[PDB]
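A.B. asks: I'd like to ask you about the structure that follows.
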Amino acid sequence: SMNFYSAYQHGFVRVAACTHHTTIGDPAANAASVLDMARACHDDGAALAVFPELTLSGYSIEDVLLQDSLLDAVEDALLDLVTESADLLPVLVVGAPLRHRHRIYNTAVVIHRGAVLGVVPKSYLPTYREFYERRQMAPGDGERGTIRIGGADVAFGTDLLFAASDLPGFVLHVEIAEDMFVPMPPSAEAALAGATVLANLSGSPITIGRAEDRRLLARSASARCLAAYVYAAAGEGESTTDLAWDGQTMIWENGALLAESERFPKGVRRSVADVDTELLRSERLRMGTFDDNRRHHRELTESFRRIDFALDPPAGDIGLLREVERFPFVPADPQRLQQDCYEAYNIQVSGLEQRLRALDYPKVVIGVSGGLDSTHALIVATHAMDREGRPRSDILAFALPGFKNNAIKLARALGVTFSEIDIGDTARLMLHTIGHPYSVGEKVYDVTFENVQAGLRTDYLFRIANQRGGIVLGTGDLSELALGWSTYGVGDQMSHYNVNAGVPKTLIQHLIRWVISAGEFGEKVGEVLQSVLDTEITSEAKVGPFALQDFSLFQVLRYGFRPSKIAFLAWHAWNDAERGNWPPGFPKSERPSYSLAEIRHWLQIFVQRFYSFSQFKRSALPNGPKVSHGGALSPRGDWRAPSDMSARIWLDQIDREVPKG
Amino acid sequence: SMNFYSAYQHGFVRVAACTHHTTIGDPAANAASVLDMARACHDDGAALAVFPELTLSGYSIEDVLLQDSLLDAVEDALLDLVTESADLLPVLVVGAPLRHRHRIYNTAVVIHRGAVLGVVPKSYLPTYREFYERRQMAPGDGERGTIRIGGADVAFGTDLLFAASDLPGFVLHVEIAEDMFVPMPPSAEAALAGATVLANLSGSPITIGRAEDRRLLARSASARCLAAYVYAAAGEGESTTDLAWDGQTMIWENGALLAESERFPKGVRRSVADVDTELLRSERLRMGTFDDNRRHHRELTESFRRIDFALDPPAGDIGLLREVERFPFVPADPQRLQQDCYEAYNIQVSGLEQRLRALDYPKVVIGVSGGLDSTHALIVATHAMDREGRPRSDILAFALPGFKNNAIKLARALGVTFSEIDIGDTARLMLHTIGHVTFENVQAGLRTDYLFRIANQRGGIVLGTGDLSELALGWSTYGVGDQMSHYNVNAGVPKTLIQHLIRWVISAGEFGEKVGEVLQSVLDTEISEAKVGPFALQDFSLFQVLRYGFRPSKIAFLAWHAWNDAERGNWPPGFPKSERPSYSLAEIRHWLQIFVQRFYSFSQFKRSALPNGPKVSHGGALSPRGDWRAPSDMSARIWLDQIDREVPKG
Amino acid sequence: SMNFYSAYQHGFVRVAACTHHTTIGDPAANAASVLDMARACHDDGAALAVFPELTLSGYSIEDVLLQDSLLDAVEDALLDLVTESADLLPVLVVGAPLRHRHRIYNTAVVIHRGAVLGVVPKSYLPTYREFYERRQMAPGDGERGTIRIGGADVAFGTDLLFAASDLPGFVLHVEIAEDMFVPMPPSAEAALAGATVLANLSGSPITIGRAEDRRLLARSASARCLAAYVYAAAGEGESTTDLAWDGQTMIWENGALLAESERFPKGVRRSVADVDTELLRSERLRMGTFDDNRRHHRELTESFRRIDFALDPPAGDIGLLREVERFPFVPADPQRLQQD
Ligand SMILES: Nc1ncnc2c1ncn2[C@@H]1O[C@H](COP(=O)(O)OP(=O)(O)OC[C@H]2O[C@@H]([n+]3cccc(C(=O)O)c3)[C@H](O)[C@@H]2O)[C@@H](O)[C@H]1O
Ligand SMILES: Nc1ncnc2c1ncn2[C@@H]1O[C@H](COP(=O)(O)OP(=O)(O)OC[C@H]2O[C@@H]([n+]3cccc(C(=O)O)c3)[C@H](O)[C@@H]2O)[C@@H](O)[C@H]1O
Ligand SMILES: Nc1ncnc2c1ncn2[C@@H]1O[C@H](COP(=O)(O)CP(=O)(O)OP(=O)(O)O)[C@@H](O)[C@H]1O
Ligand SMILES: Nc1ncnc2c1ncn2[C@@H]1O[C@H](COP(=O)(O)CP(=O)(O)OP(=O)(O)O)[C@@H](O)[C@H]1O
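Protein chains in written order, with the deposited numbering: chain A, 0 to 402, 409 to 543, 557 to 679; chain D, 0 to 402, 409 to 441, 452 to 542, 557 to 679; chain A', 0 to 339. A prime marks a further copy of an entry chain.
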C-alpha cells in the first residue's frame, strides 16, 4: 500500500535554506536568482525554500529603500515570482520591502502555487551599532489585518501560521533576523501555537564571533521550541560599503544540526534536509510542560491565524536527505563517543557509590563469567569502592561453573577477593528432584535445564550475600531488559542493585574500550580487559543482532515510532556498509549490511518481545541508574506498561506497511 | 514538650451543631436558648457552634418577619449575644433576619469573643411548594461590602472565610439551607478557596424522605469538597401552622458521619465531634485535581475575603470526641465488613483471571504450608480457575518440608494437584557448599527456586502469597525467596484482613462442607510478630502513613485512643473475648519506633522490585508502580526523632 | 576617594552557585550543609548563593515529600537558616517543599539578613519520562499573593524581583530547573522587567547528553536576556533508586562562561565569579530592540513586584574573581584565535 521508500510517506518534510546572489538595487536580478534557486528546490522535491532578509531589494541599500522606483520594481518582481510559483512545488519565503499604510515594512512574502499566502513583517528593527533599520522601515510587532498585493487582500502580521492541509506535521511560522535575538521572540509564541518549522530570513552582516551567535540562538530556539529552525543569510552581492557578508545557511532540528552550507561562498548555496515531523510530534506529545506553557499564555497563543495550503508532495522515492546513525546509543564521532562513555561510566559508578554509602558499606557480591557485562560491572564496582576509600577485597567475585579464564585473570589483576563455586552438583540434585530427563541421562538441554543452572547461580550469590554481609550486583544490560533475555525472578534478572540496567549492549563494548584507554587500572588490568573484548566479540541467533535491536529500541523508547517508520530508518542506516559512518572499533571485517528482509524479520521479533512478552520481567526490576538520553526501562521511570498485552497491532502494521524485501 | 493527650495539639478542632428551642416571634427567648447552649459548647471546649436558620426570630414566622418590632427585637438580642460571647470560647454562628440597604436578608451572624466577624446572607431563597422566602427576604448572592451592626462595620456577603490564625487547619465558611441544594453551591467555591469546615444553618420543615435528602447533600458535599460539613435544623417551637420540624443535627467529614442527634427530640440537642483537620489537609495535599479545579475557577476563588480570629483553644486533656476504629482495614460493623470482604475477594480473583487469560491459561504453581496467606491464595486460585472454566488439576500445589497437615487436607478437598518435595537435602548441599539465619534463608530461597523451576518445567506461573503487612515491614526473603513470584494475589491485602477473607469464604459456603471444615481448621490452628510487633498495631500505623502521611506522635495518639481500653469502642466479628488485648502507650510507642524504621528506611528495596498483583484497600497498596513511590536508600532519623521529642515514654 | 581595588566599587557583584551534600529525608542535615557553604560564600564576600532544587528535603524523595513529619522538619530547618542568615552577607536562595493553600509547592526561598524576602514556586512541573513532579507538587505559574512563613507574610509567586537598593545593577529573579526549558521561560519576562541576575535551582538527574542540554539552555538564556545566569544542580546524597546525579554548577554572563565546578565531585563544590553588572547595563543600553520587546509585552512586564533589600557589600580589596584577557581583540585560546 504505502510507498515504503518515500520520505514524505514516513512523515518527513524537505526544507531548503537558500542564499542567492544579491544585486543591490536591482529587483529583477534578485528575482531571477531566486527563481533559479526555487527551481532547484522544486527539482529536489522540497516543500519549503527560505531566502535572505530583504531578498528582492538587497538588505544593505539603506536609504535607497525609500526610492519610489526601487519600491515599484520590488512590487513588479514579486508579482512575477508569484506567477512563476504556480509551477513550483515548494512554498517560497522571499524577502521584500513593502508599502503598507504609512511606511515600508521589512517583510517576508510567503508564496505558494500562484498565490501569496501571507506577508510577515520583521518585529524588531535594530537601530544600534551597524544597524539603522528604524530609519527606513517600520516595526511589525502588533500589526494585523491584511495587505493589498497584486489586487488581492492577504493576511498581514506577526501572528500567522501556514499549515499544510495534507501534511499536518508541517506548520510554518516566519520571523526575520533580529526577531530571534530578543528575550521573547515571535517564534516561541508561534511554536506554542502549533508551528513546527520556524523560518528566519536574515541579512546579518558578518563579524568575528557572529556565526557562533547565530548558531547559539537558532540552535537553542530549535531545542526549547521542539522545532525545525530554517535559517538563511545574505551573501555575495550586498554592498561592502561598511560591511561584509558570509552567505551562511543552516537547518536545525530540536538542537541538532541537520545541514549547513559553505561560509563565504563564491556562488549561491543551499542547505537541504529532511525534517522529521514525527520526531517533533513525538517530543511534544511527551513533554507536557510544553503544553502547560502554552496554556499559561493562552491569550497570546490562540490569537494566531492559521492559513491553509495543500502541498501535494512527491509520492515516490526521492532518497532521504538526512544522516541516520547506525547506533543511536553509540555516536560515530570520536569526540562525542568519548564524552558519552565518560558520562555513562560515572553514572554507573556514582549510582552504586550512593547505594553503598546508604548500606554502610556492605561487601559487593558478583558473579563473573569473563563475558562483557559482568566484566564491565566488576570494573564499575572496583572504581566505586576506590572512590569511597573501601578495600577492594570487600568485593567478592565468584566463578560459578556449570553443566572463561578471563574472569579469574581480571579479578586477580584488580585484587578483589576471588573464589570458585561449582554448581553442577547442586544442579544435578535439583534436576533429579523435579524429575527432569537429564538426571536420567537424556541429553535434554531444555529451557529448564539452562534455567536450573542460571537460577542456582543467583540463589548462591544471594545466600552468600546474606552470609558474608553483602549485596548482589546485577549485570544485565538494557538490551537484555528490552528483549526479555533474562532468567526471571530466581535468575540473572534479579539482584540488589544493577549498575548495567540502563546501558544497552551496543554501548557496553565501548565503555570497556574507554576504561582501557583512560588506562586507570594499570597495564596488567588493561591487558585482561582487552582480551575480554577480543574473546567475546567476533543468542544473537534467537533474538537477532543487538545492533538492530538496539536501533529499534531507541526508536520505540524515545519517540514511539510505528514499525514501518523504524524499518525505513534502520534500512537507510544499515543497508549499505560503505554509506554513513561507523564508530571507532569496527575492523572492516565486522561491518555488516542488513537487507530490508532482515530488518523486517528482526523487527517482527522485536515488537512481539518488547511490547508483549517481556514487560513482566521489567516490572519487578531491581534499582540502578538511568544512563542514556534515549531512556532506560525502569517501570518506576521511563517505561510504564502492561505486563499482559498482546502485540497484534504492531505485527499487523508490519504485514501491511513493510515490504517483504 | 507537646501535651500528648490534647486533641487540639494533634490538629483536631471541636465543632458543635445545635438545635435550640424555638420560641417564634420572641428573640430574647431564642437568644436565651442559644446562650445556654453556647455555654455548654464552651464547657465542652468546642471551637464552633452552629444554630438553625433564622435562629433569633424563628424561621416559620412568615410576614411577621417584616414587623418593625420583631426586627428591632432581633437586633437587641443579637447585640446581647455578641456581648455575652466575650466570655465564650467557640465561634457562634447564629441565624437572624437583618435590615440592609432596602430589605431584610436571611443571615447567619458569625460571632466571636465580643465581636461580629461577618454577616452572611442566604444566597438562594426557595419560593415554591411549602417555601415563600422571596416574599419577605432578599437574595444574598452577589452582595458584598459591609453592614452596620451595633455601631461597627463588618464584612457582609457570600464570599467570606473565617480563618483561625492559631489553627490554620480550621477555615470556616457559612451557607444557609437551600444554598447546598443547587447545582453550584457557595460552599464548593469556598472549599476551593480554602474553607475546610463548611457550616449550614437550616430551617428545613420535615417531610417523608427529607432527612435522606439532607444526608445525601451534606454527605456528598463533605466528600467532594474534602471538608467537614456542620448542619443544624430547626426543631420544637417553630410554628406548626402548615409544617412539622425534626431538629436534626449532623456533622460530616469527607463522606463519613462523625455525629448526629436524635430526630424529633423533646428538648434541645447537640452534635459534638472532633474534626481531624490534618485528615482534610492530607486528602487535599494528595488529590491534585482539587487544586486544578481551583485554578480553573481562579477568578471565583481568589475573590474571597479572609477574616482572621484567634481561637486560643484549651491546651489540656479534653478527651477525643471521635470514633477511632482499631482496625482501619477491618470495619467493626458486620454489614460493612461483609461488603469489604466480598470486594477484596473479587479483586484478587479477577486480577488473577486476567493474568491467566493473557498467558493462555498456564498451570498455577503454589507453595502451600497450611498457614493463613497460602491457604487463602490457593482458594483464590481455585475460584479464578473455576470462573475461567479451567480444570482444578492445572493448579499445582506443593508442600516443601524443610527442617501443616492442613495443607494436604485442603488441597485434596479442593481437588487440585498435590505434591511433596523435600528440600532438606538440597538445603544441606547448599549450606555445605558455601561453608555454613542464612540457615532460615537458604531454605526459604530454595522453596522459591524449586517453584520457579517447576513452573518453567510444567508450563506454569508461580503464585506469590506475601501479604501487604509483610510488604510494609520488609518481612520477606528478598529476590530469591518468598518476596518473588510471577503474580501475587495477596500483595494488597493486609494481614488483619486475611483472616476475615477466609472466614468470609467459609460463610459464603461456596466450596462445600469438606473444604469449609479444613479452612476452619486453618483458622483455629494458625490463630514473627515476635520481631516486628503485633500486626494489629502495625496495620494501624500502616494505614495512617500510607493514606494520610501523619507524623508519628499523631499516629500514637490515634492508636492509643483506639487500643488502650478493650471495653471501649467496637471489635469486628470473630474476636473471642480471650483475644481482645489492650495496648499501653509504652507498647504502642515501642512498635511504632520499629514501624517507622522498617517502613521508611529498611524495607523499601524489597517493595521496589515487586511482582504484579491488584490493589485492594482504599487505604492503599504498596506497589512502586502505584501508591507508594519512595527511595530505597533513605534513613528514618527524623521520624524516630519525632517520637523521642513528642511521644511520652508511658 | 573610591577604593580603586574594590570589585564592588567598579560595579561587580560576586555570585555563587553551590552544590551541597544531600541527605534525603533529613532537613536538619541539608540545612547544616547549606549553612556551612553559605558561610564560605560569606567569607568570599559573595552577594548571592544559589542551592540545588528542593535543597532542604532532597529532590529525589518522591512520595516522602507528602509526609507530615518531613514537611514539618523542612519548616523547622528553614526558620533556623533564616535566623542564622542575620549574620551572613549573601542573599541565600534555598530550595524547599512548602505548604500553601491546598498543596505543596516546589519552591525557592529567597533569604537575606534574617528575613525571608520572597518565596518562588517552580512554574512547570515535568511529568514524563523520569519525572513525576505533578504527583506530589502543584504548579506555580499564575500564583500570586503572600505565604505565611515563621509568622510573617511574604511575597509568593512567579512575578518577583529582588533588587539591591545600594547596587542597582543587581536585580535578582529566581526560577527552577524545568522553568528554563519551555518556549517562554519565566526568566525571559523577568529580564525584560529588569532582572539582571537570573537564578536556577535544579535537581536534574544526570544522563548522557544532559549537561550539554543544561549548558545550551543556560547559555542561550544568558545571551538572549543580556544577563548573568546562575545554575546549581543536586549531587552526592540524592537517591540512586533510579537515577544518578552530577552536582554540576555554572555561572554564565551574556553567553560567556564565567565559572563551573567539577562534575561528579566527591564533596560539595562551588562556582564563584564576579559578574560585571556594568557589562550587562551597557549591552542593554545599546540594544534598543530589547526594550522594544519589553514594550510589546508591557502588561506581562509591568506586573512584577520589586522587593528591596540592602546588600551593603565589602568596601575593600577582595580581588577579582574573573578572567580578564590581555587582548580583547586577540583570544588567548588557540582554537578560538584560529577561528577569529
Ligand atoms: N506475563 C507474565 N506474567 C508472569 N509470569 C510470566 C509471564 N509470562 C511468562 N511468565 C512465566 O515466567 C517464566 C518464563 O520466564 P523465564 O523462566 O525467566 O525465561 P524464558 O523466557 O521462558 O526463557 C529464558 C531464556 O532466556 C535466555 N537467557 C537466560 C539467562 C541469561 C541470558 C543472558 O545471556 O543474559 C539469557 C536463555 O536462552 C533462556 O532459554 C515462566 O515460568 C512463565 O510461566
Ligand atoms: N536498601 C537495600 N538495597 C539493596 N539491598 C539491600 C538493602 N538492604 C539490605 N539489602 C540486602 O538484601 C539482603 C537482606 O534481605 P533478605 O535477603 O530478604 O533478608 P532479611 O530481611 O535480613 O531476612 C529476612 C528475615 O525475615 C524472616 N523471614 C524469612 C522468610 C520468610 C518469612 C515470612 O514469614 O514471610 C520471614 C527471616 O527469618 C529473616 O530473619 C542482604 O543481602 C542485604 O545485604
Ligand atoms: N560461569 C559463570 N560464573 C560466574 N557467573 C556467571 C557464570 N555464568 C553466568 N554468570 C552470571 O550470570 C550473568 C549472565 O550469564 P550469561 O547469560 O551466560 C551472559 P555472559 O555470556 O556470561 O556474558 P556477560 O557477562 O557479557 O553477560 C553473568 O553476567 C554472570 O554474572
Ligand atoms: N513447608 C512449606 N511447604 C510449601 N510451601 C511453603 C512452606 N513453607 C513456606 N512455604 C511458602 O512460602 C511462603 C512464605 O513462608 P512463611 O511465611 O514462613 C509460611 P506460613 O506463615 O507458615 O504460612 P502462610 O504463608 O500461609 O501465612 C508461604 O506463604 C508458602 O507459600
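Positions of the beta carbon are idealized from the N, C-alpha and C atoms, including for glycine.
So for residue 681 of chain A, helix, strand or coil by DSSP?
C.D. replies: In the structure as shown, chain A begins at 0 and stops at 679. Residue 681 of chain A is therefore absent and cannot be evaluated.
A.B. asks: Between the stretch 244-259 of chain D and the stretch 292-300 of chain D, are three or more C-beta pairs nearer than 8 Å?
C.D. replies: The stretch 244-259 of chain D vs the stretch 292-300 of chain D: no contact.
A.B. asks: When the Cα of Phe130 of chain A' is compared with those of A':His101, A':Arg218, A':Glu324 and A':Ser59, which residue comes out closest?
C.D. replies: As a working note, residue 130 of chain A' is residue 131 in the third sequence. Of the candidates A':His101, A':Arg218, A':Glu324 and A':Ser59, the one whose C-alpha sits nearest the C-alpha of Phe130 of chain A' is A':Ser59.
A.B. asks: Measuring CB to CB, does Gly481 of chain D end up less than 9 Å from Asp464 of chain D?
C.D. replies: Translated into the one-based positions of the second sequence, residue 481 of chain D becomes position 466. Translated into the one-based positions of the second sequence, residue 464 of chain D becomes position 449. No, Cβ-Cβ distance for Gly481 of chain D and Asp464 of chain D is not below 9 Å.
A.B. asks: Can you list, in chain order, the residues of its chain whose CB lies under 7 Å from that of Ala398 of chain A, leaving out five sequence neighbours each side?
C.D. replies: As a working note, residue 398 of chain A is residue 399 in the first sequence. Taken in chain order, the residues that qualify are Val367, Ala412, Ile413 and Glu425.
A.B. asks: Have a look at A:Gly113, A:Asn410, A:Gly139 and A:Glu188 and flag the residue whose alpha-carbon is nearest the alpha-carbon of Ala151 of chain A.
C.D. replies: The residue you call residue 151 of chain A lines up with position 152 of the first sequence. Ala151 of chain A has its Cα closest to that of A:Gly113, out of A:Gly113, A:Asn410, A:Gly139 and A:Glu188.
A.B. asks: Taking the alpha helix (DSSP H) that residue 404 of chain A belongs to, which residues open and close that run?
C.D. replies: No coordinates are present for residue 404 of chain A, because the numbering of chain A runs from 402 directly to 409.
A.B. asks: Report the neighbours of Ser219 of chain A' on chain A: residues whose CB is nearer than 7 Å to its CB, in chain order.
C.D. replies: As a position in the third sequence, residue 219 of chain A' is number 220, starting the count at 1. The contacting residues are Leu215, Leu216 and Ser219.
A.B. asks: Does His375 of chain A come out as helix, strand or coil in the three-state DSSP assignment?
C.D. replies: Locating residue 375 of chain A in the first sequence gives position 376, where the first residue counts as 1. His375 of chain A falls in the helix class under three-state DSSP.
A.B. asks: Rounding to the nearest angstrom, what Cα-Cα distance links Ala76 of chain D and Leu55 of chain D in this structure?
C.D. replies: Position 77 of the second sequence, counted from the first residue, corresponds to residue 76 of chain D. Position 56 of the second sequence, counted from the first residue, corresponds to residue 55 of chain D. Approximately 8 Å, taken between the alpha carbons.
A.B. asks: Name, please, each residue of chain A' whose Cβ falls closer than 7 Å to the Cβ of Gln671 of chain D.
C.D. replies: Within the second sequence, residue 671 of chain D is the residue found at index 642, counting from 1. Chain A' residues near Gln671 of chain D: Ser68.
A.B. asks: Compute the distance between the beta-carbons of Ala107 of chain A' and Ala198 of chain A', then report whether it is under 9 Å.
C.D. replies: Here residue 107 of chain A' is taken as the residue at index 108 of the third sequence, counted from 1. Here residue 198 of chain A' is taken as the residue at index 199 of the third sequence, counted from 1. Taking 9 Å as the Cβ cut-off, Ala107 of chain A' and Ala198 of chain A' qualify as a contacting pair.
A.B. asks: Would the beta-carbon of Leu351 of chain A be found less than 8 Å away from any heavy atom of ligand 3?
C.D. replies: The count along the first sequence starts at 1 and reaches residue 351 of chain A at position 352. Incorrect: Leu351 of chain A has no Cβ contact closer than 8 Å to ligand 3.
A.B. asks: Could you work out which residues of chain A' lie near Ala659 of chain D, taking near to mean beta carbons separated by less than 9 Å?
C.D. replies: Within the second sequence, residue 659 of chain D is the residue found at index 630, counting from 1. Residues of chain A' passing the Cβ test: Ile60, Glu61, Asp62, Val63, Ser238 and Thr240.
A.B. asks: Could you pull out every residue in the same chain whose Cβ sits closer than 7 Å to the Cβ of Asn292 of chain A, ignoring the five residues on either side in sequence?
C.D. replies: Locating residue 292 of chain A in the first sequence gives position 293, counting from the first residue. Result list for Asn292 of chain A: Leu191, in chain order.
A.B. asks: For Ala258 of chain D versus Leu351 of chain D, is the C-beta distance shorter than 9 Å?
C.D. replies: The residue you call residue 258 of chain D lines up with position 259 of the second sequence. The residue you call residue 351 of chain D lines up with position 352 of the second sequence. Not closer than 9 Å, so no.
A.B. asks: Ignoring anything shorter than 3 residues, give me the beta strand (DSSP E) runs that lie fully in the stretch 150-227 of chain A, in order along the chain.
C.D. replies: Whole beta strand (DSSP E) segments, 3+ residues: 152-155, 159-163, 170-175 and 196-200.
A.B. asks: Given a limit of 9 Å on CB to CB distance, which residues of the stretch 485-519 of chain D reach chain A'?
C.D. replies: Flagged: no residues at all.
A.B. asks: Just to check my reading of the structure: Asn503 of chain A and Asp372 of chain A have Cβ atoms closer than 8 Å, yes? What is that Cβ distance to the nearest angstrom?
C.D. replies: Within the first sequence, numbered from 1, the residue matching residue 503 of chain A stands at position 498. Within the first sequence, numbered from 1, the residue matching residue 372 of chain A stands at position 373. Between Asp372 of chain A and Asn503 of chain A the Cβ distance is about 10 Å, and since that is not below 8 Å, they are no contact.
A.B. asks: Taking a cut-off of 5 Å, which residues have a beta-carbon closer than that to any heavy atom of ligand 3, in chain order?
C.D. replies: The filter returns A:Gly366, A:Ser368, A:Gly370, A:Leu371, A:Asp372, A:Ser373, A:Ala398, A:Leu399, A:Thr480 and A:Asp497, in chain order.
A.B. asks: Contact criterion: CB-CB distance below 9 Å. Does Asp430 of chain D meet it with respect to chain A?
C.D. replies: Taking the second sequence and counting its residues from 1, one reaches residue 430 of chain D at position 425. Output row for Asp430 of chain D: interface = yes.
A.B. asks: Go through the stretch 79-117 of chain A' residue by residue and report every complete run of the beta strand (DSSP E) that reaches 3 residues or more, in order.
C.D. replies: As far as the stretch 79-117 of chain A' is concerned, its whole beta strand (DSSP E) runs of at least 3 residues are 90-99 and 102-111.
A.B. asks: Taking the alpha helix (DSSP H) that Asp290 of chain A belongs to, which residues open and close that run?
C.D. replies: Within the first sequence, the letter at position 291 stands for residue 290 of chain A. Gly287 to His295 is the span of the alpha helix (DSSP H), which, as asked, contains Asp290 of chain A.
A.B. asks: How is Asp275 of chain D classed by DSSP in three states: helix, strand or coil?
C.D. replies: Start at 1 with the first residue of the second sequence, and residue 275 of chain D comes out as number 276. It is a strand residue.
A.B. asks: Within 9 Å (strictly less), CB to CB, does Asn456 of chain A reach chain D?
C.D. replies: The count along the first sequence starts at 1 and reaches residue 456 of chain A at position 451. Chain D, which has a Cβ nearer than 9 Å to the Cβ of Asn456 of chain A, makes this yes.
A.B. asks: Could you tell me which chain A' residues have their CB closer than 9 Å to the CB of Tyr230 of chain A, listed as they occur along the chain?
C.D. replies: Counted from its first residue, the first sequence places residue 230 of chain A at position 231. Within 9 Å Cβ-Cβ: nothing; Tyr230 of chain A doesn't reach chain A', min ~15 Å.
A.B. asks: Less than 9 Å between CB atoms is the rule here; does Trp251 of chain A' satisfy it with respect to chain A?
C.D. replies: In the third sequence, counting from the first residue as 1, residue 251 of chain A' sits at position 252. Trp251 of chain A' does not count as touching chain A.
A.B. asks: Please determine, among A':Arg100, A':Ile110 and A':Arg218, the residue with the shortest C-alpha to C-alpha distance to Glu142 of chain A'.
C.D. replies: Stepping through the third sequence from its first residue, residue 142 of chain A' is reached at position 143. Here the closest residue by C-alpha is A':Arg100.
A.B. asks: Taking 9 Å as the threshold (beta carbon to beta carbon), is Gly350 of chain A in contact with chain A'?
C.D. replies: Working through the first sequence from its first residue, we reach residue 350 of chain A at position 351. At least one chain A' Cβ lies under 9 Å of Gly350 of chain A.
A.B. asks: So if DSSP puts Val363 of chain A in a beta bridge, which residue, or which two residues, is it bridged to?
C.D. replies: Translated into positions along the first sequence, residue 363 of chain A becomes position 364. BP columns for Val363 of chain A point to A:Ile394 and A:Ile476.
A.B. asks: Using DSSP's beta-bridge definition, name the partner residues of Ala523 of chain A.
C.D. replies: Looking up residue 523 of chain A in the first sequence gives position 518. For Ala523 of chain A, which the question treats as bridged, DSSP gives no partner whatsoever.
A.B. asks: According to DSSP, is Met1 of chain A' helix, strand or coil?
C.D. replies: For the purposes of this step, residue 1 of chain A' is identified with residue 2 of the third sequence, where counting begins at 1. Coil, per DSSP.
A.B. asks: If you run the structure through DSSP and keep just helix, strand and coil, what is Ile306 of chain A?
C.D. replies: As a first step, residue 306 of chain A must be located in the first sequence, where it is residue number 307. Strand, per DSSP.
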